[PDB]
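Geometric and topological summary
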Amino acid sequence: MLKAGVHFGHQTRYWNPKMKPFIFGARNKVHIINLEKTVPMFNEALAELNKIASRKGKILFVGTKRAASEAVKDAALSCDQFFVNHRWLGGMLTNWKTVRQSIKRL
RNA sequence: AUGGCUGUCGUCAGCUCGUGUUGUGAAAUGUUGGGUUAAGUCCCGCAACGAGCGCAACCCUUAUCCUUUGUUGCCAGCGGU
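- If you check the header, you'll see the entry was determined by cryo-EM and the resolution is listed as 3.2 Å.

1. Considering the layout of surface pockets
- As a volume, the largest pocket reaches approximately 630 Å³.
- The wall of the largest pocket is formed by 16 residues, among which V84, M92, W96, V99 and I103 lie closest to the centre.
- Secondary-structure elements contributing two or more residues to the lining of the largest pocket are β4 (82-84) and α3 (96-105).
- Here the lining of the largest pocket gets 5 residues from one element, more than from any other, and that element is α3.
- In terms of residue class, the lining of the largest pocket is built from 11 nonpolar, 2 polar and 3 charged.
- Considering only enclosed or pocket space, the second largest pocket measures out at about 230 Å³ in volume.
- Taken together, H10, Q11, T12, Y14, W15, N16, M19, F22, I23, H31 and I33 make up the full set of residues lining the second largest pocket.
- Split by residue class, the lining of the second largest pocket holds 6 nonpolar, 5 polar and no charged.

2. Topic: the pattern of salt bridges
- Under the defined criterion, the tally for this structure stands at 1 salt bridge.
- Between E48 and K51 there is a salt bridge, with its nearest N and O atoms 3.6 Å apart. Taken together, the positions of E48 and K51, both in helix α1 (residues 35-54) and 3 residues apart, correspond to about one turn of that helix.

What counts, and where the lines are drawn
- Residues numbered from 1 in each chain as written, not as in the entry; some residues may be left out.
- Chains lettered and ligands numbered in written order.
- Part of a larger assembly, values for the part shown.
- Heavy atoms only, no water.
- 1 Å grid on protein atoms, 1.4 Å probe; cavity = no way out; pocket = protein on both sides within 12 Å on 5 of 7 lines; lining within 4 Å.
- Points joined across faces, edges and corners; volume = space filled by probe spheres on them.
- Helix = DSSP H or I, 4+ residues; strand = E, 2+ residues; numbered from the N terminus.
- Nonpolar A, V, L, I, M, F, W, Y, C, P; charged D, E, K, R; others polar.
- Salt bridge = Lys/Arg side-chain N within 4 Å of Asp/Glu carboxyl O.

Following this line, the structure appears as C-alpha cells:
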C-alpha cells in the first residue's frame, strides 16, 4: 500500500542475516525491505494493540532517536498513552520498585 | 602483648551499600569513558537507578554596612580651659 515516498528499505548493504525472508537489495548495494510483506504484518499487529486497547491497556511508545524524539512524544501526547522519547532507562521496568519513587521526587 | 593519644600518606579523591541486570565467584556493572573547584563535586554517554561516608556546605576566632547596657570611654556642632 505504497501511499508515501520513502519507506522501502535501508541502512546499508551489511545487515542482520536473521531477517533474510523480508528483504531485497538497492542500488547503493543497500538492502530494500518488502512492504508487500509488511502490509499483512501490521494488519495482524494493529488489531492486537486494539485488543488490549479494547481491554483499555497501557501502551508505551519508546525511542530516544534524537531526530524523531519529539514526534513520538507528539504521538503519545496525542491520545492518552505514555512514552519514553529520551534515553530509555536501563532498569525502569525491572526496577519499577525504585524508579517508581523517581517519580516520587518529581 | 596493648588501649588512649599521636605523625599516618595528604586535604590527597577517593571508599561501600540497597535494588535491577550480565556471569560461577575470589563477580562486575554502577564508581567507567568524553569534558570538569583546587574534586566519583557537577553535565553527557552508559544496564543501571538511587543512597551513605570523605568532597562541598553548615563553624567564626575572619575583612565590614546597621541597634541593645557609657564604671575602671570616645569627639562632629557650642561653653570653661
